[PDB]
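This report refers to the structure that appears directly beneath it.
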Amino acid sequence: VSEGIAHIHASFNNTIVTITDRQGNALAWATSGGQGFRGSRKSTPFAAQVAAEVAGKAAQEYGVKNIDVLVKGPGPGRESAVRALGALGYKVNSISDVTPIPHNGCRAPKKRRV
RNA sequence: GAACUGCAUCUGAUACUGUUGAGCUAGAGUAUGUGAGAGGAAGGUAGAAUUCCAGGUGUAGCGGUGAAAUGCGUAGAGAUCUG
């Protein structure tokens with residue numbers, strides 16, 4: 001659909017990249033746990049790279065060329081995913097970081113005593 | 001003989017303590033002007049976020065860990081958009 005939004009929900013464990021249209025209707029999506037990487041490999045920038053390639057090329061059937069990416073989360077694969085999307089024929093309009101930050105809202109879980 | 005550091009009663013002194021008369025302002029307070037503050041109490045309200053409920057897109061994973069598994073998901077999750 002020519003114009004689309006990439007959503008890179010990067011996290012410490014897994015990174016999920018989904019391309020939707022302007023009104024937030026998903027076209028294609030690919031994660032790192034569904035690409036052959038499990039456990040330690042899933043939390044790697046390369047896994048996010050291949051997830052971004054799979055999702056972006058699978059959404060290119062719909063005809064999207066101009067994409068604006070929206071990164072969210074602290075995960076390792078939040079720059080490699082954008083690089084994979086950009087170096088795949090996509091035209092990046094903007095790169096915006098939209099990860100949610102509470103203004104001292106809900107209480108966080110207790111500290112891990114490892 | 002000395003001592004018995006004691007008690008009593010008179011006499012004397014007034015530096016200090018006690019009791020009193022008067023005065024003073026330096027300790028302590030009062031009135032008046034400005035100022036800072038997450039000081040307190042009662043109401044109201046805002047925006048981010050989480051969770052849940054209901055829908056649209058969509059499809060095979062999500063989540064989690066040192067690795068896993070329990071758990072959630074094809075009864076459609078997770079992701080994304082809107083209420």
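Chain labels A, B, ... are given in the sequence in which chains occur in the structure tokens; within each chain residues are numbered consecutively from 1, and ligands are likewise numbered from 1 in the order shown.
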Check: which chain B residues lie within 8 Å of chain A using only C-alpha atoms (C1' of nucleotides), as a PDB file with N, CA and C atoms (P, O5', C5', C4', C3', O3' and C1' of nucleotides), in the first residue's frame:
ATOM      1  P     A B  48      -1.345  11.633  27.541  1.00  0.00           P
ATOM      2  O5'   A B  48       0.170  11.440  27.972  1.00  0.00           O
ATOM      3  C5'   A B  48       0.969  10.440  27.386  1.00  0.00           C
ATOM      4  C4'   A B  48       2.005   9.930  28.348  1.00  0.00           C
ATOM      5  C3'   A B  48       1.934   8.454  28.647  1.00  0.00           C
ATOM      6  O3'   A B  48       2.418   7.648  27.596  1.00  0.00           O
ATOM      7  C1'   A B  48       2.257   9.624  30.651  1.00  0.00           C
ATOM      8  P     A B  49       1.479   6.484  27.030  1.00  0.00           P
ATOM      9  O5'   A B  49       1.771   5.278  28.019  1.00  0.00           O
ATOM     10  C5'   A B  49       3.087   5.056  28.489  1.00  0.00           C
ATOM     11  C4'   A B  49       3.100   4.267  29.768  1.00  0.00           C
ATOM     12  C3'   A B  49       2.161   3.081  29.832  1.00  0.00           C
ATOM     13  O3'   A B  49       2.642   1.951  29.131  1.00  0.00           O
ATOM     14  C1'   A B  49       2.009   4.303  31.833  1.00  0.00           C
ATOM     15  P     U B  50       1.608   0.905  28.497  1.00  0.00           P
ATOM     16  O5'   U B  50       1.197  -0.018  29.725  1.00  0.00           O
ATOM     17  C5'   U B  50       2.195  -0.643  30.511  1.00  0.00           C
ATOM     18  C4'   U B  50       1.657  -1.105  31.834  1.00  0.00           C
ATOM     19  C3'   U B  50       0.493  -2.066  31.780  1.00  0.00           C
ATOM     20  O3'   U B  50       0.891  -3.386  31.474  1.00  0.00           O
ATOM     21  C1'   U B  50       0.087  -0.425  33.425  1.00  0.00           C
ATOM     22  P     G B  56     -14.015  -7.235  14.571  1.00  0.00           P
ATOM     23  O5'   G B  56     -13.024  -6.342  13.704  1.00  0.00           O
ATOM     24  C5'   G B  56     -13.529  -5.322  12.858  1.00  0.00           C
ATOM     25  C4'   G B  56     -12.429  -4.444  12.325  1.00  0.00           C
ATOM     26  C3'   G B  56     -11.237  -5.156  11.713  1.00  0.00           C
ATOM     27  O3'   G B  56     -11.477  -5.596  10.389  1.00  0.00           O
ATOM     28  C1'   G B  56     -10.485  -3.432  13.141  1.00  0.00           C
ATOM     29  P     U B  57     -10.840  -6.975   9.868  1.00  0.00           P
ATOM     30  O5'   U B  57      -9.286  -6.660   9.756  1.00  0.00           O
ATOM     31  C5'   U B  57      -8.812  -5.629   8.907  1.00  0.00           C
ATOM     32  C4'   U B  57      -7.315  -5.497   8.998  1.00  0.00           C
ATOM     33  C3'   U B  57      -6.536  -6.793   8.873  1.00  0.00           C
ATOM     34  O3'   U B  57      -6.360  -7.189   7.526  1.00  0.00           O
ATOM     35  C1'   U B  57      -5.692  -5.520  10.682  1.00  0.00           C
ATOM     36  P     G B  58      -6.561  -8.721   7.103  1.00  0.00           P
ATOM     37  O5'   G B  58      -5.296  -9.458   7.715  1.00  0.00           O
ATOM     38  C5'   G B  58      -3.985  -8.964   7.502  1.00  0.00           C
ATOM     39  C4'   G B  58      -3.042  -9.502   8.542  1.00  0.00           C
ATOM     40  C3'   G B  58      -3.118 -11.000   8.757  1.00  0.00           C
ATOM     41  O3'   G B  58      -2.371 -11.708   7.787  1.00  0.00           O
ATOM     42  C1'   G B  58      -3.148  -9.903  10.847  1.00  0.00           C
ATOM     43  P     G B  61       6.388 -19.504  13.777  1.00  0.00           P
ATOM     44  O5'   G B  61       7.001 -18.335  14.664  1.00  0.00           O
ATOM     45  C5'   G B  61       6.925 -18.373  16.080  1.00  0.00           C
ATOM     46  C4'   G B  61       5.884 -17.419  16.606  1.00  0.00           C
ATOM     47  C3'   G B  61       6.183 -16.799  17.959  1.00  0.00           C
ATOM     48  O3'   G B  61       7.068 -15.701  17.903  1.00  0.00           O
ATOM     49  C1'   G B  61       4.020 -17.668  18.001  1.00  0.00           C
ATOM     50  P     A B  67      20.126 -17.274  28.576  1.00  0.00           P
ATOM     51  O5'   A B  67      20.598 -18.746  28.203  1.00  0.00           O
ATOM     52  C5'   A B  67      19.759 -19.606  27.456  1.00  0.00           C
ATOM     53  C4'   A B  67      19.871 -21.036  27.915  1.00  0.00           C
ATOM     54  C3'   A B  67      18.600 -21.852  27.790  1.00  0.00           C
ATOM     55  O3'   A B  67      18.406 -22.335  26.477  1.00  0.00           O
ATOM     56  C1'   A B  67      19.585 -22.221  29.910  1.00  0.00           C
ATOM     57  P     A B  79       1.539  -7.123  23.066  1.00  0.00           P
ATOM     58  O5'   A B  79       1.982  -6.745  21.587  1.00  0.00           O
ATOM     59  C5'   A B  79       3.350  -6.681  21.223  1.00  0.00           C
ATOM     60  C4'   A B  79       3.513  -6.474  19.738  1.00  0.00           C
ATOM     61  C3'   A B  79       2.831  -5.244  19.159  1.00  0.00           C
ATOM     62  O3'   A B  79       3.611  -4.073  19.309  1.00  0.00           O
ATOM     63  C1'   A B  79       2.298  -7.119  17.838  1.00  0.00           C
ATOM     64  P     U B  80       2.925  -2.684  19.713  1.00  0.00           P
ATOM     65  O5'   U B  80       2.032  -2.306  18.456  1.00  0.00           O
ATOM     66  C5'   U B  80       2.615  -1.871  17.238  1.00  0.00           C
ATOM     67  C4'   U B  80       1.551  -1.622  16.204  1.00  0.00           C
ATOM     68  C3'   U B  80       0.425  -0.692  16.632  1.00  0.00           C
ATOM     69  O3'   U B  80       0.752   0.679  16.512  1.00  0.00           O
ATOM     70  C1'   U B  80      -0.495  -2.631  15.666  1.00  0.00           C
ATOM     71  P     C B  81       0.124   1.739  17.536  1.00  0.00           P
ATOM     72  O5'   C B  81      -1.358   1.955  17.004  1.00  0.00           O
ATOM     73  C5'   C B  81      -1.588   2.510  15.721  1.00  0.00           C
ATOM     74  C4'   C B  81      -3.043   2.450  15.339  1.00  0.00           C
ATOM     75  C3'   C B  81      -4.027   3.005  16.348  1.00  0.00           C
ATOM     76  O3'   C B  81      -4.103   4.417  16.333  1.00  0.00           O
ATOM     77  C1'   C B  81      -4.824   0.948  15.523  1.00  0.00           C
TER      78        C B  81
END
Problem - Selection near residue 89 (chain A), 12 Å with only C-alpha atoms (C1' of nucleotides), sequence-local residues under 4 positions removed, as a PyMOL selection string - result: chain A and resi 53+56-57+59-60+63-67+83-85
Selected residues written out with N, CA and C atoms, as a compact mmCIF listing (two decimals), in the first residue's frame:
# COMPACT_ATOMS: atom_id res chain seq x y z
N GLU A 53 14.20 -8.35 7.73
CA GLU A 53 14.20 -8.72 6.32
C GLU A 53 12.97 -9.53 5.95
N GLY A 56 9.78 -7.24 6.19
CA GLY A 56 9.73 -6.19 5.19
C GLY A 56 9.54 -6.73 3.79
N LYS A 57 10.27 -7.79 3.44
CA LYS A 57 10.10 -8.37 2.12
C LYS A 57 8.74 -9.02 1.97
N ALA A 59 6.03 -7.84 3.39
CA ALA A 59 5.10 -6.74 3.24
C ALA A 59 5.28 -5.98 1.94
N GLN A 60 6.40 -6.19 1.25
CA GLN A 60 6.61 -5.57 -0.05
C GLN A 60 5.66 -6.09 -1.12
N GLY A 63 2.96 -3.75 -1.75
CA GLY A 63 3.40 -2.63 -2.53
C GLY A 63 3.95 -1.45 -1.75
N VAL A 64 4.31 -1.64 -0.49
CA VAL A 64 4.82 -0.54 0.32
C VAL A 64 6.24 -0.21 -0.13
N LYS A 65 6.50 1.06 -0.34
CA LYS A 65 7.85 1.50 -0.62
C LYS A 65 8.34 2.51 0.40
N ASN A 66 7.51 3.48 0.78
CA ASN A 66 7.88 4.49 1.77
C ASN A 66 7.40 4.04 3.14
N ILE A 67 8.34 3.88 4.07
CA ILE A 67 8.06 3.34 5.39
C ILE A 67 8.65 4.30 6.42
N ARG A 83 18.40 -1.08 9.99
CA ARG A 83 19.36 -1.23 8.91
C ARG A 83 18.90 -2.26 7.89
N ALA A 84 18.37 -3.39 8.36
CA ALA A 84 17.87 -4.42 7.46
C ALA A 84 16.69 -3.92 6.64
N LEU A 85 15.77 -3.18 7.28
CA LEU A 85 14.64 -2.63 6.55
C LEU A 85 15.10 -1.62 5.50
Handout entry: All alpha helix (DSSP H) positions in chain A, as a ChimeraX atom specification
Key = /A:45-59,80-86
Completion exercise
Computed gap from CA of residue 35 (chain A) to CA of residue 61 (chain A) is 19.6 Å
Exercise for the section: Taking the chain letters and numbering used in this document, name the residues of chain A that DSSP puts in strand (DSSP E), as a PyMOL selection string. Expected result: chain A and resi 2-10+15-20+26-31+64-72+91-97
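Among the candidate residues A:93, A:68, A:55, A:77, the one lying nearest to residue 11 (chain A) is A:77, with distances computed using only C-alpha atoms.
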Exercise for the section: Skip residue 83 (chain B) itself and residues of its chain fewer than 5 positions away, then list as number ranges by chain all residues within 12 Å of it, counting only C-alpha atoms (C1' of nucleotides). Expected result: B: 53-56
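Put simply, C1' of residue 82 (chain B) is 19.2 Å away from CA of residue 99 (chain A).
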